[PDB]
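Here is the structure we will look at, set down as structure tokens.
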Amino acid sequence: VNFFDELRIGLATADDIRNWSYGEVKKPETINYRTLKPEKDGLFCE
Amino acid sequence: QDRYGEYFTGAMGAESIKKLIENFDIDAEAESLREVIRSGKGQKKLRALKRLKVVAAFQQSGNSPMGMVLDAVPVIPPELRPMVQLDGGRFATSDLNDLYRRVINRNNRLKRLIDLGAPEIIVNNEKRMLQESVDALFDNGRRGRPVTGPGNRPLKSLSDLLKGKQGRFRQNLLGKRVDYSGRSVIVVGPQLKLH
Amino acid sequence: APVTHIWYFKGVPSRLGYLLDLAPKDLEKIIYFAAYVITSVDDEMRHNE
Amino acid sequence: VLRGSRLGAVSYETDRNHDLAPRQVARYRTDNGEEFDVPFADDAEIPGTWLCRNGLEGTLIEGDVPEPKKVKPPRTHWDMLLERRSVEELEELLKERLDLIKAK
Amino acid sequence: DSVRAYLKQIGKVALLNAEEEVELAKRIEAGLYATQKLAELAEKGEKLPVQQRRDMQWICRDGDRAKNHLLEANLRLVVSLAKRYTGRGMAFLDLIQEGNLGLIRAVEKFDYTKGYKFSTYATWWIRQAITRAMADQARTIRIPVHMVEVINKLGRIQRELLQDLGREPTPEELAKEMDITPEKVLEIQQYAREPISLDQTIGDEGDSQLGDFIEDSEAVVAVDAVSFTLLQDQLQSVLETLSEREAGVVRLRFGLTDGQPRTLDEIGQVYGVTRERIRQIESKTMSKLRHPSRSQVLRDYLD
DNA sequence: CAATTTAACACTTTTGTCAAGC
DNA sequence: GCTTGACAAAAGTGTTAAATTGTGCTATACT
């Protein structure tokens, strides 16, 4: 690290966005009200 | 469509734009604008010159222009939009994880609504809602009156985290608080040496 | 369904319109489902009949 | 002034690759043709289907046929119409409607 | 607001009269039967004549178009109900859109033989659809439907009791009406509380937001982080002061070598001696270490 | 109302333990 | 320095009683 020569910014296509991700968010829930755990496929899924 | 549907194609919404740009040739527009500029005696020269900058910008660097239409959107990592329980059990949450929620809702309903083949009067309204939700997610207020949610305050979009006084481009250059530091009032020491 | 990136629709100038050659307040109707637009006309096919 | 915490806690342990958990990688393919890898422990019991990055429930490559994973069929508009109309009534309905289009 | 486009677009179709609803429903049923006939008869051949085939396909298309028209003419009903439930947490236009999904179900189930108007039946389906939608989607932290209903019941009872008494009731007063223990209603009230916005401004000015001043309880404390390592060394130096014969048992017993504690029997997998003898060796080593000659070396690390 | 998950409980197996004495 | 017999406490294994969660349907008429 710290050997950076330049930093470039450009348009991102759907392929790049799909490559960055580790999985898609299929449901809107975030955390369960009782056990306060992240939900199976929510915005906070582990 | 009923009379002549076999010899023409039409569409509406962002799908129409995607189909329009799919087979659009960049070189032809650049050459046409360049020729109009060469024939500069026409008053269209100014508008053609204004367009040519963007057209050449897309004409160069090889990257395609289809990136302006999104078939998928990224999700920021959770801890940059965290949900934290304050002392006493009361929860505090960033606005982002609400905006995303809307996009997740209206999308799913659409994926349901299409399955049962609802009339276009409903499917097109659903698509309009989905696009408006995405637009509010990226830049809230660019549409018009921004979404507010709880209270009567606008919800911070992604762009709002880089745009205003608060952000990683304005607040980052204003320095950071540091450890191994202190502060105190001063009095005159006449017996001290200069160092 | 695909969605346009708002940065390039309401760019002032609208880079999208400048690229594909439609003026602002026209793409606005296109984008938000308020007006139809023809994406292809088969000139040879229609001329055949 | 006020304090809070994330949904988890921190651990101060230090060790590194000098401890190795025996692991092997399974291979999956999805509907659209994309392929993916998943490292599992040597306890294995690898599942026949896995939810990959792209969101498609891909299938393992080693087996000729995966676990059937059979599920009940869906309920559709005819199947619910049949719960209120007898086939004998539908026959008469069809006859009645065919009479009008036959009029011309 | 920009819902006006939907209102305009649905305004181009006129309402149905009492006699058109039955016609549309009967057409839908006939078209469905025709489609199912064309689907079924293919399983055994049974060619139909070209004229009958075309007429039956026209019947199918007419049924589909009649279903679409029936949905179109009744889309106006959903907004009149959605305007009642607006402001409870979900967007007005989302309310309308997801009530439409109950409207399709109402059209699916509606029949004319009962001799009732389409509105009479469709209203129930639209209302339950809107209720379910609001219950599921109205909160950032999802609350199952039955929990939402009990919360609403508590709110309803509390409002009346506050209007009567003139002040917020004690939990037992609400319990006397809920037929559940006061602590139960106190827990329901905790479940009901909404999260606050982390981005809200603090300090009476736009200087900063609340999130900028939350102290993290589970922080990586530096002095502890190093201190533990020192112990993990110091302890080793004490264990290394023993003979390997003694040291191995403790290192295996508590899992120092690989992080997994081992039962008395499993230590014998490399040492060979029986579990009781391993216990005796553990006791010997355990008493030797606790002697002051080695305790003082690391006593004060416990805090 | 059906389906799913949590827990309450009986039994089996293992883990820890004392003394004889080799 | 250590094996063996014998015992009780702790903890896995499975059943199932109870608690929680998801889902379809309510037909005067109401647009």
Specify whether the C-alpha gyration tensor of segment E:58-215 places it in the rounded, prolate or oblate class, a ≥ b ≥ c being the square roots of the eigenvalues: rounded for a/c under 1.5, otherwise prolate if a/b is larger than b/c and oblate if not. oblate
Answer in debye to the nearest 20: the dipole magnitude of segment D:41-104 about its Cα centre, from +1 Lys/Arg and -1 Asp/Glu charges placed on Cβ, is 620
Around D:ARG23, with a cut-off of 15 angstrom between Cβ atoms, what is the net charge of the other residues, counting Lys and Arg +1 and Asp and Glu -1? -4
Listed by chain and number, the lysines with an alpha carbon less than 20 angstrom from that of B:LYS176, same-chain partners under 8 positions apart left out, are B:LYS163, B:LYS165
Evaluate the relative contact order of chain A (contact order divided by residue number), counting alpha-carbon pairs under 8 angstrom at least 6 apart; express in whole percent. 25
Exercise: per-residue mean of other protein chain Cβ atoms within 10 Å, D:5-11: 6
Residue by residue through segment E:275-290, the couplings from Karplus 6.51 cos²θ - 1.76 cosθ + 1.60 with θ = phi - 60°, in Hz, x for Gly and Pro, are 4, 4, 5, 4, 5, 5, 4, 4, 5, 4, 4, 5, 6, 5, 5, 6
Does the protein assembly as shown classify as rounded, prolate or oblate by the C-alpha gyration tensor (a ≥ b ≥ c root eigenvalues; a/c under 1.5 gives rounded; else a/b over b/c gives prolate, otherwise oblate)? prolate
How many partner chain Cβ atoms sit within 10 Å of a residue's Cβ in peptide D:52-59, on average, as a whole number? 3
Given chain E, longest segment not containing exposed loop chymotrypsin sites (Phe, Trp or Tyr not before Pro) (DSSP; at most 15 other Cβ within 10 Å): E:117-253
Rounded to whole Å, give me the distance from the Cα center of segment B:84-115 to that of segment E:157-217. 21
If each residue's Cβ is checked for other Cβ atoms within 10 Å, how do B:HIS195, C:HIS47 rank with the fewest at the top? B:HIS195, C:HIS47
What are the residues whose amide H is under 5 Å from the amide H of E:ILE202, where those residues sit 5 or more places off or on another chain and H is modelled from the backbone? E:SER208, E:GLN209, E:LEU210
For segment D:3-16, in order, what is each residue's ³J(HN,Hα) by Karplus, 6.51 cos²θ - 1.76 cosθ + 1.60 with θ = phi - 60°, in whole Hz (x at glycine and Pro)? 10, x, 8, 5, 6, x, 9, 9, 10, 9, 4, 10, 3, 9
Under 5 Å between amide hydrogens, which residues at least 5 positions from D:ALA26 or on another chain qualify, with H placed 1.01 Å from N in the peptide plane? D:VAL38, D:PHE40
Apply 1/(1 + (r/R0)^6) to the Cβ-Cβ distance of E:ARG132 and B:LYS50, taking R0 = 41 Å, and write down the FRET efficiency to the nearest 0.05. 0.20
Between D:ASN17 and B:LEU80, Cβ-based FRET efficiency (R0 22 Å, step 0.05) works out to 0.15
Do the alpha carbons of any pairs in D:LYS102/E:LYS109; B:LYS45/B:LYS127; E:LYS8/E:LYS117; D:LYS70/E:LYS26; B:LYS111/E:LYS109; D:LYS72/E:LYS117 sit beyond 27 Å of each other, and which pairs? D:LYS102/E:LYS109; B:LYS45/B:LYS127; D:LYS70/E:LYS26; D:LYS72/E:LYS117
Restricting to Cα pairs under 8 Å and 6 or more apart, the percent relative contact order of segment E:59-123 works out to 31
Along the charge dipole of chain D, pointing to its positive end and built from +1/-1 on Cβ of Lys, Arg, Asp and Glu, which listed residue (D:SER11, D:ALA41, D:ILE61) has its Cα farthest out? D:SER11
Ranked from fewest to most other Cβ atoms within 10 Å of their own Cβ, D:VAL10, D:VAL1 fall in the order D:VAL1, D:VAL10
Note, segment B:63-77: 3J(HN,Hα) by Karplus (6.51, -1.76, 1.60, θ = phi - 60°), whole Hz, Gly/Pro = x, goes 4, 6, x, 5, x, 6, 10, 9, 8, 7, 10, x, 10, 5, x
Have a look at B:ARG51, B:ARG145, B:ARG81 and tell me which one the Gaussian network model of chain B (Cα, springs below 10 Å) gives the largest fluctuation. B:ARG51
Over what distance in Å are the Cα centres of segment B:30-72 and segment E:58-137 separated? 48
So for the pair D:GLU62, A:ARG18, with labels modelled 7 Å out along Cα→Cβ, what separation do we get in nm? 2.8
Put in order of increasing Cβ neighbours within 10 Å, starting from the fewest, A:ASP41, D:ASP15, E:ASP204 give E:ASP204, D:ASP15, A:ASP41
Can you pull the one-decimal nm distance between simple spin-label points at E:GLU194 and C:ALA35, each 7 Å off the Cα toward Cβ? 3.9
Within chain E, which is the longest segment that contains none of the trypsin sites (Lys or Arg not before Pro) sitting in a DSSP loop with at most 12 other Cβ atoms within 10 Å? E:194-303
Cα gyration tensor of chain B, axes a ≥ b ≥ c as square roots of the eigenvalues: rounded (a/c below 1.5), prolate (a/b > b/c) or oblate? oblate
Under a Cβ-only charge scheme (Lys and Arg +1, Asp and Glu -1), can you give me the dipole magnitude of chain E about the Cα centre, in debye to the nearest 20? 1540
Roughly how crowded by other chains is peptide B:128-137, in terms of the mean Cβ count from those chains within 10 Å of each of its Cβ atoms? 5
Roughly what % of DSSP beta bridges within the protein assembly as shown run antiparallel, to the nearest 5? 85
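Any read-out appearing in this document is the output of simple, stated calculations on the displayed coordinates, not a laboratory observation. Virtual Cβ from ideal backbone geometry, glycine too; neighbours counted across all protein chains shown.
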